[PDB]
Amino acid sequence: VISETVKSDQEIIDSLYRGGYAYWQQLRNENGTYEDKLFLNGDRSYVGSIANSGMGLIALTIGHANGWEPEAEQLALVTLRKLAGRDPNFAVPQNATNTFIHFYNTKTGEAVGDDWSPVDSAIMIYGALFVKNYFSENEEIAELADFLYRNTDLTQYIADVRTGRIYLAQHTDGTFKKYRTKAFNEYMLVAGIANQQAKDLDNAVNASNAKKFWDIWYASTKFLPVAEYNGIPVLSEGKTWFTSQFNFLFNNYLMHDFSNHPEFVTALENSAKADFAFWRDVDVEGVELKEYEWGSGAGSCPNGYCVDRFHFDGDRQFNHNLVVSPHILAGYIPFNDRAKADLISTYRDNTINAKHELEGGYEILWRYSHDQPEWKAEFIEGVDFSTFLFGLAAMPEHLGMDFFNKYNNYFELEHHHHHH
Ligand SMILES: [Cl-]
């Protein structure tokens, strides 16, 4: 255990906060694309993620605000021009409905995989709109953001209003894959854009249904499914399982419709209480978690890539390597009283492989396994890692959650809900 004499709580938080931004600085390519994964050894696969352009745009504002990225406005422009197809070296692939491919080659632009992804498209668009707000005097950033927002219609992904279903993905030719996904989850991101587009796009495919969908499932929490963890109500896709915790965090940091809505904020707080309670209920032979260890996330694991979820009464069947996620714990810091202290404790614990150093000596925390304590991650997926910086940045004495609730307000002016 690292003593408070060797390193103070403040020194730890300062290191991790700067480290969380250096991550993004390293994930970013000069051409304004972002790798899917950061390799801790300095390797680069040149496999990019569209989602990480959105998260990286957000991160640029955080670095800027902290004095760590004085070029940020121009880095944001480079990324947005690249996303808009305005760099002649290559464009990111889009399918027959202008949906972006999830992954692509960051040297050549070749598509990678089969996932023409509305959600990853939506994360990119949010990041564009976030930098538009942040660099609000740059007209070219506004124009590019508006172009990206208007040119992928997400109203088409609303599948069935009465059951809360959105199509997961499209095929190359623009038809939908079979799979539908139900509220509550991170497809709130999709719904939100579709709700705005219904108002804003002249030719929205499916405007009325997108509005109706939003009004039932996401204008309030009233109709969302609830699954109870030890009597704690947790929004979910149904009553007998839990969705991913990152869904609450992505929706909160990226969408005003979540972060500015007290029902949704309360839901995120409850969800974090359930994740803590879960980790305290785990009783696996040969494992002993300390009290400060918790957070159910997605990301690299001994099995490759894992989407870890909690389940009733400490049941770890949906957490295949019994991985604990410090990016999720960090993400909770503004929303749970003990998360910050627990993140620090986690850093101090030398029996777990949570600490990682980046090139340049920067420090972060990341996923580690209780089934395989000697495992140490070799890379970090940006979409998941996002919430580490965001949670640290949203500390009250850092930028605060009001930073995100201000700059994620894409669709309203400041006095919208005030007296005229
Ligand atoms: Cl991704």
# chains A, B, ... in the order shown; residues from 1 in each chain; ligands from 1
>>> select_by_dssp(residues="range 2-115 of chain A", states="helix (DSSP H, G or I)", output="ChimeraX atom specification")
/A:9-27,50-65,72-83
>>> write_last_selection(atoms="N, CA and C atoms", output="short mmCIF file (atom, residue, chain, number, x, y, z; two decimals), in the first residue's frame")
data_model
loop_
_atom_site.label_atom_id
_atom_site.label_comp_id
_atom_site.auth_asym_id
_atom_site.auth_seq_id
_atom_site.Cartn_x
_atom_site.Cartn_y
_atom_site.Cartn_z
N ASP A 9 -3.03 12.39 -1.15
CA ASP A 9 -4.30 12.24 -1.91
C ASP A 9 -4.32 13.28 -3.04
N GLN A 10 -3.98 14.53 -2.72
CA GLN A 10 -4.02 15.58 -3.77
C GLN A 10 -3.04 15.25 -4.92
N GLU A 11 -1.84 14.76 -4.61
CA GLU A 11 -0.87 14.44 -5.64
C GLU A 11 -1.40 13.34 -6.56
N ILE A 12 -2.08 12.39 -5.96
CA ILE A 12 -2.65 11.31 -6.74
C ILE A 12 -3.72 11.85 -7.69
N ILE A 13 -4.68 12.62 -7.17
CA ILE A 13 -5.75 13.14 -8.01
C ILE A 13 -5.13 14.02 -9.09
N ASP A 14 -4.12 14.84 -8.79
CA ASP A 14 -3.53 15.70 -9.81
C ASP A 14 -2.87 14.89 -10.92
N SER A 15 -2.13 13.83 -10.54
CA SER A 15 -1.51 12.96 -11.52
C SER A 15 -2.57 12.30 -12.41
N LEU A 16 -3.60 11.72 -11.74
CA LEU A 16 -4.61 10.96 -12.55
C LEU A 16 -5.39 11.88 -13.49
N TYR A 17 -5.68 13.08 -13.03
CA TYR A 17 -6.46 14.04 -13.85
C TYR A 17 -5.64 14.43 -15.09
N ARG A 18 -4.37 14.80 -14.90
CA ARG A 18 -3.51 15.16 -16.06
C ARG A 18 -3.29 13.91 -16.94
N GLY A 19 -3.12 12.74 -16.32
CA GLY A 19 -2.92 11.49 -17.00
C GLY A 19 -4.10 11.12 -17.89
N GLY A 20 -5.28 11.42 -17.38
CA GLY A 20 -6.50 11.09 -18.10
C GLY A 20 -6.58 11.90 -19.39
N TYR A 21 -6.09 13.13 -19.39
CA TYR A 21 -6.03 13.89 -20.62
C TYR A 21 -4.85 13.49 -21.51
N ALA A 22 -3.67 13.18 -20.94
CA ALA A 22 -2.55 12.75 -21.77
C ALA A 22 -2.94 11.51 -22.59
N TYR A 23 -3.80 10.63 -22.03
CA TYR A 23 -4.32 9.49 -22.75
C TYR A 23 -4.85 9.94 -24.11
N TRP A 24 -5.74 10.93 -24.08
CA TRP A 24 -6.37 11.42 -25.32
C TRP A 24 -5.35 12.05 -26.25
N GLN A 25 -4.41 12.75 -25.66
CA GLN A 25 -3.35 13.32 -26.47
C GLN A 25 -2.60 12.22 -27.23
N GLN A 26 -2.44 11.04 -26.63
CA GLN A 26 -1.70 9.94 -27.23
C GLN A 26 -2.56 9.11 -28.17
N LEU A 27 -3.87 9.03 -27.90
CA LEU A 27 -4.78 8.28 -28.76
C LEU A 27 -5.00 8.98 -30.10
N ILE A 50 -14.83 5.55 -34.77
CA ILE A 50 -15.57 6.78 -34.97
C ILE A 50 -16.01 7.39 -33.65
N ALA A 51 -16.43 6.57 -32.71
CA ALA A 51 -16.85 7.06 -31.41
C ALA A 51 -15.76 7.85 -30.72
N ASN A 52 -14.53 7.43 -30.90
CA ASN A 52 -13.43 8.10 -30.22
C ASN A 52 -13.15 9.49 -30.82
N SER A 53 -13.58 9.77 -32.05
CA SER A 53 -13.57 11.17 -32.48
C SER A 53 -14.53 11.98 -31.63
N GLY A 54 -15.69 11.47 -31.28
CA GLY A 54 -16.55 12.26 -30.43
C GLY A 54 -16.01 12.44 -29.02
N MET A 55 -15.59 11.34 -28.38
CA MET A 55 -15.03 11.45 -27.07
C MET A 55 -13.78 12.35 -27.11
N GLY A 56 -12.93 12.22 -28.12
CA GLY A 56 -11.71 13.04 -28.20
C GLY A 56 -12.03 14.51 -28.36
N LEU A 57 -13.06 14.86 -29.12
CA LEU A 57 -13.48 16.25 -29.21
C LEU A 57 -13.85 16.80 -27.86
N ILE A 58 -14.62 16.06 -27.09
CA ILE A 58 -14.97 16.45 -25.74
C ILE A 58 -13.69 16.65 -24.93
N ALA A 59 -12.82 15.65 -24.96
CA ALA A 59 -11.57 15.73 -24.21
C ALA A 59 -10.76 16.97 -24.57
N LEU A 60 -10.73 17.33 -25.84
CA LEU A 60 -9.98 18.53 -26.24
C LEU A 60 -10.43 19.73 -25.42
N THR A 61 -11.72 19.88 -25.18
CA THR A 61 -12.22 21.04 -24.44
C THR A 61 -11.74 21.01 -23.00
N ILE A 62 -11.67 19.79 -22.43
CA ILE A 62 -11.23 19.63 -21.06
C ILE A 62 -9.74 19.97 -20.99
N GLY A 63 -8.93 19.43 -21.88
CA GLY A 63 -7.53 19.80 -21.88
C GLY A 63 -7.40 21.32 -22.06
N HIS A 64 -8.13 21.90 -23.00
CA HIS A 64 -8.04 23.33 -23.25
C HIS A 64 -8.29 24.10 -21.96
N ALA A 65 -9.41 23.78 -21.33
CA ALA A 65 -9.82 24.51 -20.16
C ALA A 65 -8.79 24.45 -19.04
N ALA A 72 -6.11 23.49 -28.98
CA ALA A 72 -7.32 22.67 -29.10
C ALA A 72 -8.31 23.12 -30.18
N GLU A 73 -8.52 24.42 -30.37
CA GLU A 73 -9.53 24.85 -31.32
C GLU A 73 -9.17 24.37 -32.72
N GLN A 74 -7.87 24.36 -33.05
CA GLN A 74 -7.43 23.94 -34.36
C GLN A 74 -7.39 22.42 -34.47
N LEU A 75 -7.06 21.74 -33.38
CA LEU A 75 -7.15 20.28 -33.37
C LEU A 75 -8.60 19.82 -33.57
N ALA A 76 -9.55 20.51 -33.00
CA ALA A 76 -10.96 20.23 -33.17
C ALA A 76 -11.34 20.43 -34.63
N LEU A 77 -10.84 21.51 -35.26
CA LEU A 77 -11.10 21.75 -36.67
C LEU A 77 -10.53 20.65 -37.55
N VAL A 78 -9.31 20.26 -37.34
CA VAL A 78 -8.72 19.19 -38.11
C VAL A 78 -9.61 17.92 -38.03
N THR A 79 -10.04 17.54 -36.79
CA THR A 79 -10.89 16.36 -36.64
C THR A 79 -12.22 16.56 -37.34
N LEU A 80 -12.83 17.72 -37.23
CA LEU A 80 -14.15 17.90 -37.83
C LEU A 80 -14.06 17.90 -39.36
N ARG A 81 -13.01 18.53 -39.92
CA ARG A 81 -12.86 18.50 -41.37
C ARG A 81 -12.68 17.06 -41.85
N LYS A 82 -11.88 16.29 -41.11
CA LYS A 82 -11.65 14.89 -41.43
C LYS A 82 -12.97 14.11 -41.39
N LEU A 83 -13.82 14.31 -40.37
CA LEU A 83 -15.11 13.65 -40.24
C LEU A 83 -16.06 14.04 -41.37
#
>>> residues_near_ligand(ligand="ligand 1", cutoff="9 Å", atoms="only C-alpha atoms and all ligand atoms", output="list in words")
residues 35, 36, 37, 48, 49, 50, 51, 52, 102, 103, 120, 381, 382, 383 and 384 of chain A
>>> write_last_selection(atoms="N, CA and C atoms", output="short mmCIF file (atom, residue, chain, number, x, y, z; two decimals), in the first residue's frame")
data_model
loop_
_atom_site.label_atom_id
_atom_site.label_comp_id
_atom_site.auth_asym_id
_atom_site.auth_seq_id
_atom_site.Cartn_x
_atom_site.Cartn_y
_atom_site.Cartn_z
N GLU A 35 -7.37 6.47 -32.64
CA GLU A 35 -7.27 5.03 -32.51
C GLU A 35 -8.43 4.51 -31.66
N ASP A 36 -8.78 3.23 -31.86
CA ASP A 36 -9.75 2.51 -30.99
C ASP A 36 -9.08 2.27 -29.64
N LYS A 37 -7.84 1.77 -29.68
CA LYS A 37 -7.11 1.40 -28.45
C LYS A 37 -5.77 2.11 -28.35
N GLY A 48 -8.90 2.76 -36.09
CA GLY A 48 -9.59 3.89 -35.49
C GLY A 48 -11.02 3.53 -35.10
N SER A 49 -11.61 4.34 -34.22
CA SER A 49 -12.99 4.26 -33.84
C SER A 49 -13.68 5.59 -34.11
N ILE A 50 -14.83 5.55 -34.77
CA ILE A 50 -15.57 6.78 -34.97
C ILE A 50 -16.01 7.39 -33.65
N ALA A 51 -16.43 6.57 -32.71
CA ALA A 51 -16.85 7.06 -31.41
C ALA A 51 -15.76 7.85 -30.72
N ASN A 52 -14.53 7.43 -30.90
CA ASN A 52 -13.43 8.10 -30.22
C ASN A 52 -13.15 9.49 -30.82
N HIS A 102 -18.10 1.69 -37.62
CA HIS A 102 -17.62 1.83 -36.26
C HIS A 102 -16.10 2.03 -36.31
N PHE A 103 -15.38 1.15 -37.01
CA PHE A 103 -13.93 1.14 -37.01
C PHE A 103 -13.46 1.31 -38.43
N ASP A 120 -22.39 4.85 -32.39
CA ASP A 120 -21.06 5.42 -32.50
C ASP A 120 -21.11 6.69 -33.35
N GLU A 381 -9.19 0.79 -24.38
CA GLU A 381 -10.12 1.28 -25.39
C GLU A 381 -10.68 2.64 -25.04
N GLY A 382 -10.53 3.59 -25.98
CA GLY A 382 -10.88 4.97 -25.69
C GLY A 382 -12.35 5.15 -25.32
N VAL A 383 -13.27 4.43 -25.98
CA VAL A 383 -14.66 4.78 -25.75
C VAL A 383 -14.97 4.55 -24.27
N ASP A 384 -14.44 3.43 -23.78
CA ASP A 384 -14.62 3.10 -22.37
C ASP A 384 -13.84 4.05 -21.46
#
>>> closest_residue(among="A:391, A:370, A:246, A:99", to="residue 283 in chain A", atoms="only C-alpha atoms")
A:370
>>> atom_distance(atom1="CA of residue 6 in chain A", atom2="CA of residue 292 in chain A")
20.1 Å
>>> residues_around(residues="residue 203 in chain A", least_positions_apart="5", cutoff="10 Å", atoms="only C-alpha atoms", output="PDB file with N, CA and C atoms, in the first residue's frame")
ATOM      1  N   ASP A 153     -29.196  10.760 -40.558  1.00  0.00           N
ATOM      2  CA  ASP A 153     -30.506  10.809 -39.954  1.00  0.00           C
ATOM      3  C   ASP A 153     -30.658   9.628 -39.026  1.00  0.00           C
ATOM      4  N   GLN A 197     -33.678  15.897 -34.533  1.00  0.00           N
ATOM      5  CA  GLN A 197     -33.734  15.881 -35.991  1.00  0.00           C
ATOM      6  C   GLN A 197     -35.170  15.951 -36.452  1.00  0.00           C
ATOM      7  N   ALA A 198     -36.045  15.306 -35.733  1.00  0.00           N
ATOM      8  CA  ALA A 198     -37.446  15.378 -36.084  1.00  0.00           C
ATOM      9  C   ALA A 198     -37.957  16.804 -36.184  1.00  0.00           C
TER      10      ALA A 198
END
>>> residues_around(residues="range 302-311 of chain A", least_positions_apart="2", cutoff="8 Å", atoms="only C-alpha atoms", output="list in words")
residues 229, 241, 242, 243, 244, 245, 275, 278, 296, 297, 298, 299, 300, 313, 314, 315, 316, 317, 318, 319, 320, 321, 323, 369, 372, 375 and 377 of chain A
>>> residues_around(residues="range 142-149 of chain A", least_positions_apart="3", cutoff="12 Å", atoms="only C-alpha atoms", output="JSON, numbers by chain")
{"A": [54, 57, 73, 76, 77, 78, 79, 80, 81, 82, 83, 84, 85, 86, 94, 98, 99, 100, 121, 122, 123, 124, 125, 126, 127, 128, 129, 130, 131, 132, 133, 134, 135, 136, 137, 138, 139, 152, 153, 154, 155, 190, 192, 193, 194, 196, 197, 200, 201, 410, 411]}
>>> write_last_selection(atoms="N, CA and C atoms", output="short mmCIF file (atom, residue, chain, number, x, y, z; two decimals), in the first residue's frame")
data_model
loop_
_atom_site.label_atom_id
_atom_site.label_comp_id
_atom_site.auth_asym_id
_atom_site.auth_seq_id
_atom_site.Cartn_x
_atom_site.Cartn_y
_atom_site.Cartn_z
N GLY A 54 -15.69 11.47 -31.28
CA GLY A 54 -16.55 12.26 -30.43
C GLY A 54 -16.01 12.44 -29.02
N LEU A 57 -13.06 14.86 -29.12
CA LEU A 57 -13.48 16.25 -29.21
C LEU A 57 -13.85 16.80 -27.86
N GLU A 73 -8.52 24.42 -30.37
CA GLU A 73 -9.53 24.85 -31.32
C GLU A 73 -9.17 24.37 -32.72
N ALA A 76 -9.55 20.51 -33.00
CA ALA A 76 -10.96 20.23 -33.17
C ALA A 76 -11.34 20.43 -34.63
N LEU A 77 -10.84 21.51 -35.26
CA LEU A 77 -11.10 21.75 -36.67
C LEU A 77 -10.53 20.65 -37.55
N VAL A 78 -9.31 20.26 -37.34
CA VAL A 78 -8.72 19.19 -38.11
C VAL A 78 -9.61 17.92 -38.03
N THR A 79 -10.04 17.54 -36.79
CA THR A 79 -10.89 16.36 -36.64
C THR A 79 -12.22 16.56 -37.34
N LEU A 80 -12.83 17.72 -37.23
CA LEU A 80 -14.15 17.90 -37.83
C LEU A 80 -14.06 17.90 -39.36
N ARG A 81 -13.01 18.53 -39.92
CA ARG A 81 -12.86 18.50 -41.37
C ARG A 81 -12.68 17.06 -41.85
N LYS A 82 -11.88 16.29 -41.11
CA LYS A 82 -11.65 14.89 -41.43
C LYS A 82 -12.97 14.11 -41.39
N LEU A 83 -13.82 14.31 -40.37
CA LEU A 83 -15.11 13.65 -40.24
C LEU A 83 -16.06 14.04 -41.37
N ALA A 84 -16.02 15.31 -41.79
CA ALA A 84 -16.87 15.80 -42.85
C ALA A 84 -16.43 15.37 -44.25
N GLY A 85 -15.31 14.68 -44.40
CA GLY A 85 -14.89 14.26 -45.72
C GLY A 85 -14.07 15.30 -46.45
N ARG A 86 -13.63 16.31 -45.72
CA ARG A 86 -12.96 17.47 -46.33
C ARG A 86 -11.45 17.36 -46.39
N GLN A 94 -18.96 5.62 -44.87
CA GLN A 94 -20.35 5.74 -44.49
C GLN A 94 -21.12 4.86 -45.45
N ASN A 98 -25.69 6.97 -44.90
CA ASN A 98 -24.74 7.92 -44.32
C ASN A 98 -24.41 7.60 -42.86
N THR A 99 -24.65 6.33 -42.44
CA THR A 99 -24.22 5.88 -41.14
C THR A 99 -22.72 5.58 -41.21
N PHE A 100 -21.98 5.99 -40.18
CA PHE A 100 -20.55 5.74 -40.16
C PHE A 100 -20.25 4.29 -39.79
N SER A 121 -21.94 6.68 -34.41
CA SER A 121 -22.27 7.90 -35.11
C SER A 121 -22.78 9.02 -34.17
N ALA A 122 -23.68 8.67 -33.31
CA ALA A 122 -24.23 9.65 -32.37
C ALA A 122 -23.20 10.19 -31.39
N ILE A 123 -22.26 9.35 -30.93
CA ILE A 123 -21.21 9.83 -30.03
C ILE A 123 -20.34 10.85 -30.77
N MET A 124 -20.03 10.56 -32.04
CA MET A 124 -19.25 11.49 -32.83
C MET A 124 -20.01 12.81 -32.97
N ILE A 125 -21.29 12.76 -33.29
CA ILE A 125 -22.03 13.98 -33.48
C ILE A 125 -22.11 14.80 -32.19
N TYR A 126 -22.37 14.17 -31.06
CA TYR A 126 -22.33 14.88 -29.81
C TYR A 126 -21.00 15.57 -29.57
N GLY A 127 -19.92 14.89 -29.81
CA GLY A 127 -18.66 15.53 -29.61
C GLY A 127 -18.53 16.75 -30.52
N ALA A 128 -18.95 16.63 -31.76
CA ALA A 128 -18.95 17.78 -32.66
C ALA A 128 -19.77 18.94 -32.09
N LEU A 129 -20.96 18.65 -31.62
CA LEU A 129 -21.79 19.72 -31.12
C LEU A 129 -21.22 20.29 -29.84
N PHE A 130 -20.50 19.52 -29.04
CA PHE A 130 -19.92 19.95 -27.81
C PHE A 130 -18.81 20.93 -28.14
N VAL A 131 -17.92 20.63 -29.05
CA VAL A 131 -16.91 21.61 -29.41
C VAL A 131 -17.51 22.86 -30.05
N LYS A 132 -18.57 22.72 -30.82
CA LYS A 132 -19.30 23.88 -31.34
C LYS A 132 -19.69 24.79 -30.19
N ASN A 133 -20.29 24.26 -29.15
CA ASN A 133 -20.61 25.09 -28.01
C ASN A 133 -19.38 25.67 -27.32
N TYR A 134 -18.34 24.88 -27.15
CA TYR A 134 -17.21 25.30 -26.39
C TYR A 134 -16.45 26.39 -27.15
N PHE A 135 -16.17 26.15 -28.41
CA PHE A 135 -15.50 27.14 -29.26
C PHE A 135 -16.57 27.91 -30.03
N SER A 136 -17.42 28.59 -29.26
CA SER A 136 -18.64 29.15 -29.81
C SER A 136 -18.41 30.35 -30.72
N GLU A 137 -17.21 30.91 -30.71
CA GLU A 137 -16.93 31.97 -31.68
C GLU A 137 -16.37 31.47 -33.01
N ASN A 138 -16.08 30.16 -33.15
CA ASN A 138 -15.55 29.64 -34.40
C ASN A 138 -16.70 29.17 -35.29
N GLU A 139 -16.91 29.92 -36.38
CA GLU A 139 -18.00 29.69 -37.30
C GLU A 139 -17.80 28.42 -38.14
N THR A 152 -26.51 12.55 -41.02
CA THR A 152 -26.85 11.18 -40.62
C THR A 152 -28.15 11.22 -39.88
N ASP A 153 -29.20 10.76 -40.56
CA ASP A 153 -30.51 10.81 -39.95
C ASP A 153 -30.66 9.63 -39.03
N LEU A 154 -30.86 9.91 -37.74
CA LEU A 154 -31.04 8.87 -36.76
C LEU A 154 -32.49 8.54 -36.45
N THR A 155 -33.40 9.35 -37.03
CA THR A 155 -34.81 9.02 -36.86
C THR A 155 -35.11 7.66 -37.51
N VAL A 190 -28.88 7.85 -29.33
CA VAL A 190 -29.51 7.79 -30.63
C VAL A 190 -30.86 8.48 -30.58
N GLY A 192 -31.97 10.74 -28.61
CA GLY A 192 -31.87 12.17 -28.44
C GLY A 192 -31.64 12.90 -29.73
N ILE A 193 -30.66 12.46 -30.49
CA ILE A 193 -30.46 13.07 -31.79
C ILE A 193 -31.66 12.91 -32.72
N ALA A 194 -32.29 11.76 -32.67
CA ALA A 194 -33.45 11.56 -33.51
C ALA A 194 -34.58 12.51 -33.10
N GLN A 196 -34.28 15.58 -31.83
CA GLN A 196 -33.96 16.89 -32.31
C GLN A 196 -34.15 16.92 -33.82
N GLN A 197 -33.68 15.90 -34.53
CA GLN A 197 -33.73 15.88 -35.99
C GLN A 197 -35.17 15.95 -36.45
N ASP A 200 -35.67 19.51 -36.65
CA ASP A 200 -34.69 20.30 -37.38
C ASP A 200 -34.53 19.90 -38.84
N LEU A 201 -34.67 18.60 -39.16
CA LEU A 201 -34.46 18.13 -40.53
C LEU A 201 -35.76 18.18 -41.30
N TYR A 410 -26.75 21.33 -26.50
CA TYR A 410 -26.61 21.61 -27.92
C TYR A 410 -27.85 22.32 -28.45
N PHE A 411 -29.00 22.11 -27.85
CA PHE A 411 -30.26 22.38 -28.54
C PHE A 411 -31.09 23.51 -27.88
#
>>> closest_residue(among="A:89, A:259, A:236, A:209", to="residue 158 in chain A", atoms="only C-alpha atoms")
A:209
>>> residues_around(residues="residue 174 in chain A", least_positions_apart="2", cutoff="6 Å", atoms="only C-alpha atoms", output="VMD selection string")
chain A and resid 96 to 97 170 to 172
>>> atom_distance(atom1="CA of residue 4 in chain A", atom2="CA of residue 373 in chain A")
24.4 Å
>>> residues_around(residues="residue 177 in chain A", least_positions_apart="3", cutoff="12 Å", atoms="only C-alpha atoms", output="compact mmCIF listing (two decimals) with N, CA and C atoms, in the first residue's frame")
# COMPACT_ATOMS: atom_id res chain seq x y z
N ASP A 114 -17.97 -4.84 -39.45
CA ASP A 114 -19.27 -4.91 -40.10
C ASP A 114 -20.32 -4.02 -39.42
N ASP A 115 -19.89 -3.14 -38.52
CA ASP A 115 -20.82 -2.40 -37.67
C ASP A 115 -21.11 -0.97 -38.14
N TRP A 116 -22.12 -0.82 -38.98
CA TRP A 116 -22.54 0.52 -39.35
C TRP A 116 -23.45 1.00 -38.24
N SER A 117 -22.88 1.84 -37.38
CA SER A 117 -23.31 1.98 -35.98
C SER A 117 -24.00 3.32 -35.73
N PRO A 118 -25.30 3.33 -35.42
CA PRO A 118 -25.95 4.59 -35.08
C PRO A 118 -25.39 5.17 -33.78
N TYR A 157 -33.59 5.00 -37.19
CA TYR A 157 -33.23 3.90 -36.34
C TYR A 157 -34.30 3.63 -35.31
N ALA A 159 -37.31 1.97 -34.12
CA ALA A 159 -37.88 0.78 -34.70
C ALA A 159 -39.33 0.57 -34.29
N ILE A 166 -35.07 0.35 -30.70
CA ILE A 166 -34.24 0.99 -31.70
C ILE A 166 -33.41 -0.10 -32.40
N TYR A 167 -33.20 0.04 -33.70
CA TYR A 167 -32.33 -0.90 -34.38
C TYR A 167 -30.90 -0.72 -33.93
N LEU A 168 -30.23 -1.83 -33.67
CA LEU A 168 -28.86 -1.84 -33.22
C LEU A 168 -27.90 -1.32 -34.28
N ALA A 169 -28.14 -1.66 -35.55
CA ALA A 169 -27.12 -1.43 -36.57
C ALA A 169 -27.71 -1.59 -37.95
N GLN A 170 -26.96 -1.18 -38.97
CA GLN A 170 -27.30 -1.42 -40.36
C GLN A 170 -26.20 -2.26 -40.99
N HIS A 171 -26.63 -2.88 -42.10
CA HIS A 171 -25.75 -3.50 -43.07
C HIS A 171 -25.21 -2.43 -44.01
N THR A 172 -24.23 -2.79 -44.84
CA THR A 172 -23.60 -1.87 -45.77
C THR A 172 -24.61 -1.23 -46.70
N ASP A 173 -25.61 -2.03 -47.13
CA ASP A 173 -26.57 -1.56 -48.10
C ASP A 173 -27.70 -0.77 -47.44
N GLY A 174 -27.63 -0.49 -46.13
CA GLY A 174 -28.56 0.41 -45.49
C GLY A 174 -29.76 -0.27 -44.87
N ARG A 180 -32.77 -5.58 -32.27
CA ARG A 180 -33.32 -4.34 -31.74
C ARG A 180 -32.90 -4.28 -30.30
N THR A 181 -32.82 -3.06 -29.80
CA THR A 181 -32.39 -2.81 -28.45
C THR A 181 -33.44 -1.91 -27.80
>>> atom_distance(atom1="CA of residue 324 in chain A", atom2="CA of residue 398 in chain A")
25.1 Å
>>> select_by_dssp(residues="range 41-220 of chain A", states="strand (DSSP E or B)", output="mmCIF file with C-alpha atoms, in the first residue's frame")
data_model
loop_
_atom_site.group_PDB
_atom_site.id
_atom_site.type_symbol
_atom_site.label_atom_id
_atom_site.label_comp_id
_atom_site.auth_asym_id
_atom_site.auth_seq_id
_atom_site.Cartn_x
_atom_site.Cartn_y
_atom_site.Cartn_z
ATOM 1 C CA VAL A 47 -7.436 0.847 -36.295
ATOM 2 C CA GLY A 48 -9.591 3.887 -35.494
ATOM 3 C CA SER A 49 -12.992 4.256 -33.844
ATOM 4 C CA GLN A 94 -20.351 5.736 -44.490
ATOM 5 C CA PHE A 100 -20.551 5.744 -40.162
ATOM 6 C CA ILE A 101 -18.637 2.473 -39.881
ATOM 7 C CA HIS A 102 -17.616 1.829 -36.263
ATOM 8 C CA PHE A 103 -13.934 1.144 -37.012
ATOM 9 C CA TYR A 104 -11.689 2.123 -39.895
ATOM 10 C CA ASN A 105 -8.040 2.279 -40.878
ATOM 11 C CA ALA A 111 -13.610 0.198 -43.354
ATOM 12 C CA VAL A 112 -12.941 -2.328 -40.551
ATOM 13 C CA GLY A 113 -15.614 -4.716 -39.297
ATOM 14 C CA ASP A 114 -19.271 -4.905 -40.104
ATOM 15 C CA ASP A 115 -20.824 -2.403 -37.671
ATOM 16 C CA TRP A 116 -22.539 0.517 -39.351
ATOM 17 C CA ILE A 158 -36.390 4.209 -34.222
ATOM 18 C CA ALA A 159 -37.880 0.775 -34.699
ATOM 19 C CA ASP A 160 -40.991 0.504 -32.548
ATOM 20 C CA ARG A 165 -37.012 -0.404 -29.514
ATOM 21 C CA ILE A 166 -34.236 0.995 -31.702
ATOM 22 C CA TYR A 167 -32.335 -0.904 -34.381
ATOM 23 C CA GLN A 170 -27.296 -1.421 -40.357
ATOM 24 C CA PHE A 176 -31.198 -2.991 -40.731
ATOM 25 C CA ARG A 180 -33.318 -4.337 -31.740
ATOM 26 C CA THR A 181 -32.391 -2.806 -28.450
ATOM 27 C CA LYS A 182 -34.770 -1.519 -25.752
#
>>> closest_residue(among="A:378, A:215, A:263, A:363", to="residue 42 in chain A", atoms="only C-alpha atoms")
A:378
>>> closest_residue(among="A:260, A:279, A:219, A:312", to="residue 234 in chain A", atoms="only C-alpha atoms")
A:312
>>> closest_atom_pairs(of="range 221-327 of chain A", to="range 403-406 of chain A", cutoff="10 Å", atoms="only C-alpha atoms", output="tab-separated table")
residue	atom	partner	partner_atom	distance
A:252	CA	A:404	CA	8.6
A:253	CA	A:404	CA	6.0
A:254	CA	A:404	CA	7.5
A:255	CA	A:405	CA	7.9
A:256	CA	A:405	CA	5.9
A:257	CA	A:405	CA	9.3
A:258	CA	A:405	CA	9.1
A:259	CA	A:405	CA	6.1
A:260	CA	A:405	CA	6.4
